[PDB]
Structures are given as C-alpha cells and as structure tokens.
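This document opens with one chain alone, in structure tokens, the form deposited in one PDB entry.
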C-alpha cells in the first residue's frame, strides 16, 4: 500500500492557483504584456516565482534589467500576499480536510510539495498545519518544478520512498515532477490541460482515501 501522499498546495488544497493567475496577469499587463490568459497560464501553474516571470517576459521577447526583474517579482508577490490574507478554513477545497484526517487515521504520511514560499502561511490560514508530517522547503531544493526534487524531498522528509508515494497536482509542470520522482500522480483538472496518460479527476471531492486505494490497486 502507498505510505505517503505528497500534496501540491495551489489548486489542490485550495483555489490559490486562481489568485496566482490574477496576480501574474496584472503584473504582465503593467509591463505591456497581454498574453497571460487562462490558456497561457497552464504553462505557469507549478512554476516558481522567478521562472514564472521569465516565461512571461519570454512570451513577449521582452528584456528587463536585473533590478527591474527583482522589483517585478516582488511586486507580484506583495499583491498576491495581500490577496490571500482572508483565506480561511472555509476555503479548503472539498474533500481535502477529510482526506487529511483519513490519511492520518490510516498511518499514511502527509507532506507538502509546494513550490510556494507562501505555503506555510496558507496552511496556517486554513488550519491545516497540524495535519502535515513535513513541509518540503522550496528554497532548499536545487531545482524547481518540473524537476522532481521537491517531490523527492517531501517523500524523504517523511521517511517514505517516492515509489511508495502518491502525488496530487493540478499542473502540467507538477505532474511531470511527480512522474520523474517515481511517485504515482493523480491530477485534478481538465484532461485537455493535464493529459490522457495519467489518472485525472475533475475536482478534489474525488480525492478520497477510498479512491487513492482504488487507483493504487489499479
């Protein structure tokens, strides 16, 4: 049986992928780049703060100074941090709280594999911190999503091999990161965004321990 579940946060635990999108789109438009629509944003989900900004600059073949780059990433983060202040337990996605409880009752480890430096603050906003056996610090890994390092680190922090773990993700980058870690991915979202080659569920209510077992058994 699997021995750990490795959680993405944004778009899996709560709807903060929407806030990252809105914030990045606002930033892009401030600098005259209009191409960050929902379709483009599928390329940004799961991607680090700096890599996200660089993808937006590349979309436009735009070059900025190092000083401006740093200011822009900070500007987006300051806006995003203001957006999430009122996140509460009521914003936890359906199924997720019960899943955490069920996992703990069945002695399955719980680790956060989020790229977001805002992850710990968000788990505290949602009263979820006490469910987690570990939070992998995204500043400690040498390579960010789609590299597998953060999933590998999450699994290590809880003493479980990646091959005996399930990863939950809403993003193309993150699904690839789970694949290359050796964990089993279960995606949440549209198959047209996330692919036809892994198990995908349409919403997080589908993330029950019963289903994770159903999937693990094959």
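Positions refer to the first chain, counted from 1.
Trainee: On mean Cα temperature factor in this entry, is 59 to 67 or 183 to 191 the higher one?
Mentor: Averaging CA B-factors over each stretch, the winner is 59 to 67.
Trainee: Can you let me know which of the two, 138 to 146 or 104 to 112, has the higher average C-alpha B-factor in the entry?
Mentor: Here the higher of the two C-alpha B-factor means belongs to 138 to 146.
Trainee: Out of 209, 17, 198, 13, which shows the largest CA B-factor listed in the entry?
Mentor: Reading the PDB entry, the winner on C-alpha B-factor is 198.
Trainee: Which listed residue, 157, 166, 44, 27, has the largest C-alpha temperature factor in the record?
Mentor: That would be 157.
Trainee: Taking the chain's C-alpha temperature factors as the reference, tell me which third residue 7 falls into: lowest, middle or highest.
Mentor: Tercile = lowest for this residue's CA B-factor.
Trainee: Could you say whether, by C-alpha temperature factor, residue 34 belongs to the lowest, middle or highest third of its chain?
Mentor: Within its chain, residue 34 is a highest-third residue by C-alpha B-factor, going by the deposited values.
A second form of this protein, the form deposited in another entry, is not displayed here; the remarks below concern that form.
Trainee: Could you name the item of 103, 55, 84, 135 at the hinge, where fit switches from one rigid part to the other between the shown form and the other one?
Mentor: At the hinge: 84.
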